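Presented below, as structure tokens, is a lone chain in the form deposited without ligand GEN.
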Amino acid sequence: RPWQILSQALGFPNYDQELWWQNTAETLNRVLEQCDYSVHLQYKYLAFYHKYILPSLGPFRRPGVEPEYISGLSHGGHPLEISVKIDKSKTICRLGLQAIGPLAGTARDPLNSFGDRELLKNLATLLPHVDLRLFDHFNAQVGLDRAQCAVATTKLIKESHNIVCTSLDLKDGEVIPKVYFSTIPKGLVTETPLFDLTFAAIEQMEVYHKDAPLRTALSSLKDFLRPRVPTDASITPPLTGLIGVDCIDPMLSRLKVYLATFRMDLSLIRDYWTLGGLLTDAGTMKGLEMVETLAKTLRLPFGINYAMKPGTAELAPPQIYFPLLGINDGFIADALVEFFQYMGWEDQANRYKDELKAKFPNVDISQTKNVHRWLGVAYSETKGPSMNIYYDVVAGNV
């Protein structure tokens, strides 16, 4: 098995990296197999993970070892998540993490401000298509200096001492990095409405100055969000909580504005999905029906993620993220099978439970309530409907 062969060939520079491997790499090999990645790509991505991601994961939080930095990415405070994106034709795998610097959560680096950029730098030398210019732009506009990071830690719970996190799409051979920057620490430290600091940063992008369509699609999103998110500096929902970019050519990168909210019901789903009645086409409404039905078939906030691309003036429906923490995972798996049937993805319906068990062989998933963390649903004009399932891999292994 590739995950075992790599463990035998490579070993580990320290015990925390060994623990990370023993609690994630079998699941990851299983995910990749299940997505129909060849043996050669299983080796490619597992080798990549060993080299680049293990040292980025910091100490492995366990009984008797409590790290200085606790991530909000998972239930046990581990800075890792693995997800699958399922559409009509294929399934791809994504890793999500926070790259932990070795002074993270101490006075020299209170919000873990360096590690993700250091990982990205290493990815830029590894991969020709990786471009750090958007990272740097948003790191400049929403990052904080050390004294501001210290202030921010006095206003935030320990699991939200973060400014950025990273996702790596493992798309048929390649690694595509994306990042999300949090707006809340700067909002809190500077007492600036989140809406305002989010669009001020976006509107300073070079590509925004160059690209009329991007500007127009943003102007439409702002008209939608302005009356719905706070106008004052409050941290109350719905709120613009993250800005996302792809770490590629900025002319090709999708810019994402992610809203966090607790309140959701069928009419709110319509509101977010259609942008308050702005989108009325057959495609949009067909996706709306899908999402309504997912919500029927089925604590962290809901997520609503609006994505825009240079060259496109019109907004598309967001991706909607359902929070599944606290909800029994056997129930989630029953719901998913039912939903996959509704979609007519019969193969997915027939495999989901067996594949789930196989992904997590050392825990009885029927008894957990923290292994499924999120379910994202999206509908594309061109590419079809898509579903993104996010797992707390360490919850599924310990």
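From 1 onward, residues are counted along the sequence shown.
The same protein also has a form deposited with ligand GEN bound, omitted here; what follows describes it.
**Student:** Looking at heavy atoms inside 4.5 Å, which stretch does ligand GEN contact in the deposited bound form, given the options 130-138, 158-166, 214-222, 273-281?
**Tutor:** In short, 158-166.
**Student:** Out of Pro102, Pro237, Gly143, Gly72, which one falls within 4.5 Å of ligand GEN in the deposited bound form, going by heavy atoms?
**Tutor:** That would be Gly72.
**Student:** Ok, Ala295, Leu123, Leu268, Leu300: which has a heavy atom sitting within 4.5 Å of ligand GEN in the deposited bound form?
**Tutor:** Only one option qualifies, and that one is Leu300.
**Student:** Quick one: is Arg373 in contact with ligand GEN in the deposited bound form, heavy atoms, 4.5 Å cut-off?
**Tutor:** Judged by the heavy-atom cut-off of 4.5 Å, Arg373 is in contact with ligand GEN in the deposited bound form.
**Student:** Give a yes/no on whether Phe195 approaches ligand GEN to within 4.5 Å in the deposited bound form, heavy atoms considered.
**Tutor:** Taking the distances in the deposited bound form, the answer for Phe195 is no, it never comes within 4.5 Å of ligand GEN.
**Student:** Quick one: does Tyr258 come within 4.5 Å of ligand GEN in the deposited bound form, counting heavy atoms only?
**Tutor:** Yes - in the deposited bound form, heavy atoms of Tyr258 and ligand GEN come within 4.5 Å of each other.
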